[PDB]
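Just so we're on the same page: letters track the sequence lines, and every chain starts at 1.
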Amino acid sequence: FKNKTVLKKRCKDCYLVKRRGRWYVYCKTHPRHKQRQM
Amino acid sequence: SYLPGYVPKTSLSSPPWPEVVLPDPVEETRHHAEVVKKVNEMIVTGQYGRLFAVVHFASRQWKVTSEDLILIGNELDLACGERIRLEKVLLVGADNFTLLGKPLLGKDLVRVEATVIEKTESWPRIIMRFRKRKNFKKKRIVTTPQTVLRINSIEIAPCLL
Amino acid sequence: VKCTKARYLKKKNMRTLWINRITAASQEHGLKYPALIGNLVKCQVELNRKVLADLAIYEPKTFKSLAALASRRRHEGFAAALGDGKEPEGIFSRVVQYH
Amino acid sequence: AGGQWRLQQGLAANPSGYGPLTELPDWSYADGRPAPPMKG
Amino acid sequence: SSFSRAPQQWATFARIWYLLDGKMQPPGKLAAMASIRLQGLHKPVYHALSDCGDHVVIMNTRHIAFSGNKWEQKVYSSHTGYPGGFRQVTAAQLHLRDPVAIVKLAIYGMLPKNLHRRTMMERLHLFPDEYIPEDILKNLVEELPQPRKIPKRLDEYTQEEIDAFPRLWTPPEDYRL
Amino acid sequence: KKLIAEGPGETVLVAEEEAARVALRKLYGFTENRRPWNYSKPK
Amino acid sequence: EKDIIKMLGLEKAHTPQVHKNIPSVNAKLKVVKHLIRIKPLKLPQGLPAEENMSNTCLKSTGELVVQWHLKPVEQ
Amino acid sequence: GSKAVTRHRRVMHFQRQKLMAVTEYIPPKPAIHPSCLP
Amino acid sequence: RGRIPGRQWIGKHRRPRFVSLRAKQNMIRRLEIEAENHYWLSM
Amino acid sequence: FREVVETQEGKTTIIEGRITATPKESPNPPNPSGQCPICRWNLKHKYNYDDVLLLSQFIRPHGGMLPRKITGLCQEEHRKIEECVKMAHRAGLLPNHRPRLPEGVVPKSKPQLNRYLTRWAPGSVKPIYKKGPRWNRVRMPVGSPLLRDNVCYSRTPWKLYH
Amino acid sequence: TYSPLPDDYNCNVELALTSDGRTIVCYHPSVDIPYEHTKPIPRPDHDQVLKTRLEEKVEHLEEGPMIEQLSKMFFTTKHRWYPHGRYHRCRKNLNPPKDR
Ligand code: FES
Ligand SMILES: [K+]
Ligand SMILES: [Mg+2]
Ligand SMILES: [Mg+2]
Ligand SMILES: [Mg+2]
Ligand SMILES: [Mg+2]
Ligand SMILES: [Zn+2]
């Protein structure tokens, strides 16, 4: 997880999900793509 | 069985307040005459005890009754013991009925009389001004003329028609 | 100096007291203070707040009558506003004209 | 209260203005004689 | 009234006992009602120096309901006075610790900020459930209407009410609802 | 079963005694709200 | 703007003053238009005469009536 | 004082703030939403 | 916390003032009077 | 509506679907010109989170929302009902539309806190530890902004932030 | 059946206008409490050889306990019960004016 003001999907396997009141980018193929809304 | 403007019942379909239906003006006009006649007969037959009145006098309103005292804050140009009529009566009330002017009751309906019993002056009223650091200080004393009135009688006549 | 300036506050505080007392009496009859005062004016009843507060304490039956009158005039206002002018003026809504 | 409403009826916004409530004589002699006119 | 002077004075200035049911009611609306009564502002004879406040009994304070997310967001702050003594707790945490604290604090903050306030609080009787001591129960005069109308759950509607509400749409017959 | 009078008190005994006085005042015509004495000049 | 208010006799607020509806007067009124309320004087019973000079009243509608009886309308 | 042109958005005089508030665009609102009609 | 630097209503950084509903209505009420003044000054 | 039954007989599984009774829209809607169920019955701007009789018609047996293509609602109304149902669940007004629990799952007891007009999910909201100055106060949202256009019978508009 | 206010608590209000329309008449007789709505007043509250004598049960309490008792009895704070000094006691007017 890296904090990001602007969330961007970095590959086709990235999916946007809103959890605990904020948006997240999750990626199983490339876990490094994981991002947290700041 | 649904009209063009029908709305199913919801929390906001209709206003919160209940619907009020006022009486038919024709039917109510007859009811009003009955009430006025009933109260008028109470006056003719003297079915009232002590009366009170709201009178406008010297710019302000006074709720009064027989034997009351009121302190007028100015001179009236009347000798002590002189009897006068208070001509501006907004309200006259009894135990079981009340009459309201719009805004003043007719002079035929009610007569309020009063007597001047004292003409004097108020206790000294200090007027002082002060502003810090400006050598600004002044004092004045004023005594205001006053008149004491006794309400002698409140009388009503059966002139409600 | 305090005695001099207090004459302004005395008048202000007295009227606040009357409004509080009138508000209390009005709520006993299910009326808010602005509804009573506003609608009494529309009936050409010019009783001031000092007298109205006195009536609430010492003439409770007269005050209920005044509260009823204001409530009646208030409902007449609603009926008129809802209508499109077809309805004649309310019985208590008629104003006595002077000249 | 009611200033705008009074204006709509052709009355003074303040009830202390023109009209019978203010201008009419406050009192008269008990016998009937009218009082001297008020200074205001 | 034709009463004697002393009984007349006693009646006019008597203390009334009011009952309020806090179940499903927001504490603020309860507090606004209790504050008026505790001060005496509901009496035409009201005056600040007339000590004319009444008794208010509030039951079911454990069952108050906040609107929105106030249970999680509303914080109650205090300080023991010692270094590190600043304490902040959510409404939910306070409620489970003290089932009368929320209503008590809401009322306390609404009363005038003067030396009469703590006297008025002595006339407030908060109970978390429906148990009221017999002595307090015996002196009650009138129950005040609940400020919030409690909405009915779907299981509480009578079949007449359900039938009266029309069906608004026709679902497809081949849909796995 | 008709209310002739009603009186307040700090106790039931005191309230009952006051109610009796109220009833007596009504019976004798000395009610607080009775017609005031007429001091007007005799006609 | 202070000086024109004085020239027009408007020093005291809420005190109606009558002025001629002419260009020169209007020129002053325009400078202080944001400080005043302008309404037309209406004469429903005509101008006051010497007989009724003392019985006039300026109503809130802007009508200057030449009779002021302080009585209700019999109509 | 500050100059007429600033890097930050200069605070307005309160009377001007009120002027702006009172002169905001009000869009034409239809009696019936156009999506609710054929 | 929440201090305004320097004096509240002057300088570069100020306490923000917001326009209430009744402040708007007050201004509009006087705009209507002036608009009518324009009319009666046109003839 | 259509159900599905799974039956294992003789070490064999049979999957079948049956058509059950389907409810029909009430006849003679007051506004036949309406383009969705809401405006066909003149219900636009006239329902709230506690109108479960209305809300319950657009949800699944376990409390989930129904697709907009099936109900026929417009995007605007569909979103309003969606929020209204969430608030209805959180207020406890839909006790017979609880989530499906797998066999052997009894939820552990949790503190009961009565709430209504709850915009957010309780677990996702943080405490307001620093309220901020009066001119920048952190507010507690109440209700939903989607319902801002609901008919207002009072002179004060709905307060959505407390 | 229209009534501006409920008529069941204080008085029966009837509002009317005179034929001319210049006076409002308000008839407001009192409503008496019904007998059915009342309770009965609670009048209801050995071979002892020895005369029963009055026993004094008024044991003196210390200031603290005494003030706690008084504060609880009258639902007040303790502060009202504590004494005041001579300066204040002697300022109080012991012959105050009396209106009626
Ligand atoms: S189309 Fe009418 S509200 Fe949706
Ligand atoms: K500054
Ligand atoms: Mg004032
Ligand atoms: Mg400088
Ligand atoms: Mg500059
Ligand atoms: Mg500073
Ligand atoms: Zn990825």
>> At a 4.5 Å cut-off on heavy atoms, which part of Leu105(B) comes close to chain K: side chain, backbone, both, or neither?
In response: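 Only the side chain of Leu105(B) comes within 4.5 Å of chain K.
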
>> Report which part of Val39(B) has an atom under 4.5 Å of a heavy atom belonging to chain K: side chain, backbone, both, or neither.
In response: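 Side chain only.
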
>> Just so I understand: if I count every heavy-atom pair under 4.5 Å between each of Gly101(B), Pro23(B), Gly106(B) and chain K, which residue has the most?
In response: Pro23(B)

> Between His31(B), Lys38(B), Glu28(B), which residue shows the highest count of heavy-atom pairs closer than 4.5 Å to chain K?
Replying inline: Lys38(B)

> Strictly by modelled atom types, are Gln47(B) and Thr45(B) linked by a side-chain donor-acceptor pair under 3.5 Å?
Replying inline: yes

>> Tell me if the CH2 atom of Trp17(B) is crowded by more than 12 foreign heavy atoms within 6.0 Å.
In response: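 For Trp17(B), atom CH2 is crowded (more than 12 foreign heavy atoms under 6.0 Å).
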
> Are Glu55(K) and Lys57(K) within salt-bridge range, i.e. N to O under 4.0 Å?
Replying inline: no

> So does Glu82(B) pair up with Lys119(B), basic N to acidic O under 4.0 Å?
Replying inline: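 No.
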
>> Counting heavy-atom pairs under 4.5 Å with chain B, which one of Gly21(K), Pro4(K), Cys26(K), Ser19(K) comes out on top?
In response: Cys26(K)

> Of the non-hydrogen atoms in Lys78(K) and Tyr82(K), which two are nearest, and what is the gap between them?
Replying inline: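 It is O-CD1, 3.5 Å.
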
